[PDB]
Amino acid sequence: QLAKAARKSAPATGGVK
Amino acid sequence: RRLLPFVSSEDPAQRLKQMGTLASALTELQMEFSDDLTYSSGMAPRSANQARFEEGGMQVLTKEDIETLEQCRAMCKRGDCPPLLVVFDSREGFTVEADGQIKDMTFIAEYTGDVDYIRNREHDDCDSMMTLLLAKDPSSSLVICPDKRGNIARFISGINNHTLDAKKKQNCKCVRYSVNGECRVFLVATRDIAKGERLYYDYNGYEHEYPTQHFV
Ligand SMILES: Nc1ncnc2c1ncn2[C@@H]1O[C@H](CSCC[C@H](N)C(=O)O)[C@@H](O)[C@H]1O
């Protein structure tokens with residue numbers, strides 16, 4: 001019954017390397 | 001450290017074959033190709049996508065790296081796609097592999113789809129949502145939804161964050177940069193990837209909103 005929602009996230013600071 | 005444009009496959013037939021694997025996977029998921037962020041009705045307006053709303057701030061894409069991004073986008077538009085192949089794998093579903101050499105710091109693709117409020121997507125079954133903007137006010141937070149419109153980015157695999165050896169599979173990285181005051185999500189090779197090597201990045205690179213216990 002209870003509805004849950006997977007989400008990817010990425011950093012917004014620190015560059016690539 | 002500078003972003004590098006990709007080197008598309010020299011053989012025109014090879015680029016056709018590549019573009020076809022993406023077209024087949026999109027058609028399989030009943031999706032339309034879109035190499036940009038789309039702002040739809042009953043979802044988020046383009047005005048909602050403002051980088052100054054990121055809690056803690058967002059790094060800014062430099063003039064040098066913006067020209068690199070435009071160069072890759074112009075290439076995609078003209079027909080020079082990145083040297084990637086969409087391949088169905090029974091243990092992972094659709095996956096993305098390098099169909100040519102990709103050096104470290106090479107721009108792979110932008111994470112595209114429909115931008116919507118996280119608040120409108122709290123119980124959305126889409127297995128491919130990606131955080132766009134993380135605001136202090138949770139009603140201002142945005143999510144990229146490649147359920148109806150999207151590109152290659154949504155087919156790229158993630159690493160299992162629970163295994164001792166799964167971090168070793170990561171060869172690319174998902175970052176968020178400010179471009180003309182807006183949030184943008186990009187994929188970059190973190191090491192030299194060979195032809196046939198499967199692309200993997202950390203799906204939980206900022207938050208931990210994606211269950212990966214079962215990943216291969
Ligand atoms: N390392 C991995 N092992 C197993 N499944 C994975 C995985 N990386 C990605 N996946 C699968 O891919 C999903 C994220 S969306 C990536 C595209 C997807 N495989 C598709 O066929 O459309 C996950 O929810 C999971 O089902």
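Worth knowing before you read on, the calculation uses all heavy atoms, side chains too, and leaves out hydrogens, waters and symmetry mates. Chain letters run A, B, ... following the sequence lines, proteins first and then strands; every chain starts at 1. Each ligand, and each atom within it, is numbered from 1 in the order the structure gives.
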Show the numbers, then the answer: is there a salt bridge (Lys or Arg N to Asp or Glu O under 4.0 Å) between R73(B) and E110(B)? CA-CA 9 Å; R73(B) 295 162 59 82; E110(B) 189 192 338; 3.5 Å; yes
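Counting only heavy atoms, the protein gets under 4.0 Å from atom 22 (O) of ligand 1.
Side chain of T68(B) to backbone of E64(B): a donor-acceptor contact under 3.5 angstrom is found. In this structure, the side chain of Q59(B) engages the main chain of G15(A) through a donor-acceptor pair within 3.5 Å. Without hydrogens or angle criteria, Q170(B) side chain to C172(B) main chain gives a donor-acceptor distance under 3.5 Å.
For atom 19 (N) of ligand 1, the closest heavy atom belonging to the protein is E92(B) O, 2.8 Å. Given atom 17 (C) of ligand 1, the protein heavy atom at minimum distance is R154(B) O, 3.2 Å. When hydrogens are left out, the protein atom nearest atom 9 (C) of ligand 1 is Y203(B) OH, 3.5 Å; that is the closest non-hydrogen contact.
At a 3.5 angstrom cut-off on N or O pairs, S128(B) does not count as close to ligand 1. The shortest N/O to N/O separation between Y200(B) and ligand 1 does not fall below 3.5 Å. Between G158(B) and ligand 1, an N or O atom pair is found at a separation short of 3.5 Å. An N or O contact shorter than 3.5 Å is missing between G93(B) and ligand 1 by distance. Considering backbone and side-chain atoms together, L29(B) places no N or O closer than 3.5 Å to any N or O of ligand 1. At least one N/O-N/O distance between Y210(B) and ligand 1 falls below 3.5 Å.
No hydrogens or angles considered: a donor-acceptor pair under 3.5 Å links the side chains of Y111(B) and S128(B).
Between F107(B) and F6(B), the ring planes lie parallel to each other; the angle is under 30°, not in the 30° to 60° tilted range.
Remark: ligand 1 atoms within the under-4.0 Å shell around heavy atoms of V216(B) are 1 (N), 2 (C), 3 (N), 4 (C). With ligand atoms numbered from 1 in the order given, ligand 1 contributes 8 (N), 9 (C) to contacts under 4.0 Å with heavy atoms of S157(B).
The cationic atom of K8(A) (NZ for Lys, CZ for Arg) lies less than 6.0 Å from the six-membered ring centre of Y203(B) and within 45° of the ring axis.
At a 4.0 Å cut-off, not a single heavy atom of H214(B) sits close enough to ligand 1 to count as contact.
The only option from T112(B), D36(B), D114(B) that meets the side-chain hydrogen bond (donor to acceptor under 3.5 Å, both in side chains) definition with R149(B) turns out to be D114(B).
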